[PDB]
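Quick heads-up: it's one chain on its own, the form solved without the DNA, in structure tokens.
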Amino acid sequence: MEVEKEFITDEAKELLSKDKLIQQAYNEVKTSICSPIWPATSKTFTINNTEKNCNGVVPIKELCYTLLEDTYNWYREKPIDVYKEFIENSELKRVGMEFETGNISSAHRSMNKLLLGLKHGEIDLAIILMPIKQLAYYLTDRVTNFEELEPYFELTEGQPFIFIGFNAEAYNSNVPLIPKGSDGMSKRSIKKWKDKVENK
């Protein structure tokens, strides 16, 4: 998968350029979102482009969260979806991230949830992942996209915040469809997918 667009506030830029461990959490997020491949036998992520809204997006989020959890030791649910916690220079630091699979109103609620966590000092950096419009077009109906929330990234200024817009590497009607729903893929299937991603 590719990171095609990215928005980083000035405060996140300063924080990344001076905090190694925060820079690391961010690197792990970028890697977990670039790593998905499809089909599982492949080394690129190709999305089936037969019709609008034909693919699910939840399986992608589950895969992403699983890599962070299993490979990178991130925790799930703080109610921030996933976060990394660690001591650095005698201080506990937390990074929070959410992968948006809901509609635009959902994305607003998610952004504000992180913004409040930041204001209260519960997290030191917030990251949101969203598919860009081009990809979202072939993803399930509900799902919002990076460009739709973009006019509002400005509301995070003054706080360490990063928005990442991902895209598939290719679009073809010759690969299978990604299943829809929370149960689109079992944990056994996500873990098998994760292994292929990691060559195991």
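Numbering starts at 1 and runs along the sequence shown.
FYI, the form deposited with the DNA bound isn't displayed, but the following is about it.
**Student:** Just one of 31, 140, 159, 44 has a heavy atom within 4.5 angstroms of the DNA in the bound PDB entry, so which one?
**Tutor:** Selected residue: 140.
**Student:** Considering non-hydrogen atoms and a 4.5 Å limit, which listed residue (58, 37, 164, 67) is close to the DNA in the bound PDB entry?
**Tutor:** Spelling it out, the residue with a heavy atom inside the cut-off is 58.
**Student:** Using 4.5 Å between non-hydrogen atoms, is residue 176 touching the DNA in the bound PDB entry?
**Tutor:** Because no heavy atom of residue 176 falls inside 4.5 Å of the DNA in the bound PDB entry, the answer is no.
**Student:** Residue 109 near the DNA in the bound PDB entry, any heavy atom under 4.5 Å?
**Tutor:** Taking the distances in the bound PDB entry, the answer for residue 109 is yes, it comes within 4.5 Å of the DNA.
**Student:** Quick one: is residue 17 in contact with the DNA in the bound PDB entry, heavy atoms, 4.5 Å cut-off?
**Tutor:** Answer no; every heavy atom of residue 17 is more than 4.5 Å from the DNA in the bound PDB entry.
**Student:** Can you tell me if residue 183 lies within 4.5 angstroms of the DNA in the bound PDB entry, counting non-hydrogen atoms only?
**Tutor:** Contact check for residue 183: yes, within 4.5 Å of the DNA in the bound PDB entry.
**Student:** With the partner removed from view, which of 67 to 75, 101 to 109, 118 to 126, 88 to 96 is the stretch that lies within 4.5 Å of the DNA in the bound PDB entry, judged by heavy atom distances?
**Tutor:** Careful reading of the contacts points to 101 to 109.
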